[PDB]
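We begin with a single chain expressed as structure tokens, specifically the form deposited in one PDB entry.
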């Protein structure tokens, strides 16, 4: 196995693909160098064209060491690789390296069949994930909440994320008629998928199987296993009939929350909201008996009520909305609230109240 390639062409591929699971699989075949990283749950494959003389073959090498070497070489560098027994030789200028190898044959492979396919701007996928990813659970015993629902319905792709205390849902049109379908992508997979998307205008092809998802953009192919379990139905989480409607400036609301939070309990940070005619009062207190109060002029209709919220849950929403004005739809002091950008119904958020 031999190739010579510009450092420049290896950088993004290496970034994307970065004991045998600490190794990258390198394969030369049909004028192409393919680089594959895997943790057994997911895999990333990047391809680089080879124009300079090359010889087919494959090995695996330490991923971080190999990446660090290539990134460590100067800009403009040319990188020459040859496989020599149990070692891989890497050469550029008067820099030389010999890396240990494990056989290509020992490298783990994820086959499976595609059931649902569609193309969409990578930008639309980014929007969907950014809108909801912060509401994923992290290490819940309910594994299926440690990730994100991808659902196709009509001509929309929808994401849903929840940790049982707050929920996020976002839908975007993809311009073609789709079968009704839903799968859970593990949180690590959502993160890796998001990292593959750079905000250029670039089509993304998505293929979904019974147990896998695959995404192709440019010269990259990401494949992950799915998480198998029953995801909650966002439609049963949305408040069925909120009759109290609050509208306020996004930034004013965010900053009032953040300031009041300073004097909340540091271990479980929440604030009390009192809504009344034209007005919102946010309050906090702590074990030192310190107290914060914020008063805001707001658009409000409905009965006066008091309700508490976890600060981080509300700030997380306001930070995802990046809105001018936000709508909060309330029911009563013991029910969850629905939060939305006053000027967009692409996304919605539902947050449990907190007792204080």
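Positions refer to the first chain, counted from 1. Here, rigid core means the biggest group of C-alpha atoms that superpose within 1.5 Å across both forms.
In the deposited entry, the stretch joining residue 110 to residue 111 is interrupted by 1 to 3 residues of the deposited sequence lacking coordinates. The deposited sequence places 4 to 9 unmodelled residues between residue 18 and residue 19. Averaged over CA atoms, B-factors in the entry run higher in 72-80 than in the other of 162-170 and 72-80. In this entry, 101-109 shows the higher mean Cα temperature factor of the pair 101-109 and 219-227. Comparing the C-alpha B-factors of 187, 214, 236, 272 in the entry, the top value falls on 236. Set against one another, the Cα B-factors of 144, 150, 257, 134 in the record reach their highest point at 144. Split the chain's modelled residues into thirds by C-alpha temperature factor. Residue 265 is in the lowest one. Among the modelled residues of the chain, residue 23 sits in the highest third by CA temperature factor in this PDB entry. Among the modelled residues of the chain, residue 286 sits in the lowest third by CA temperature factor in this PDB entry. In the PDB entry, a CA B factor belonging to the middle third of its chain's modelled residues is recorded for residue 319. Looking at the C-alpha B-factors along this chain, the one for residue 313 belongs to the lowest third.
There is also a form deposited in another entry; it is not shown, and the following applies to it.
The one residue among 41, 304, 68, 293 whose Cα position changes by 2 Å or more between this form and the one not shown, with the core held fixed by superposition, is 304.
Once both forms are fitted on their rigid core, the CA atom of residue 266 lies 2 Å or more apart between this form and the one not shown.
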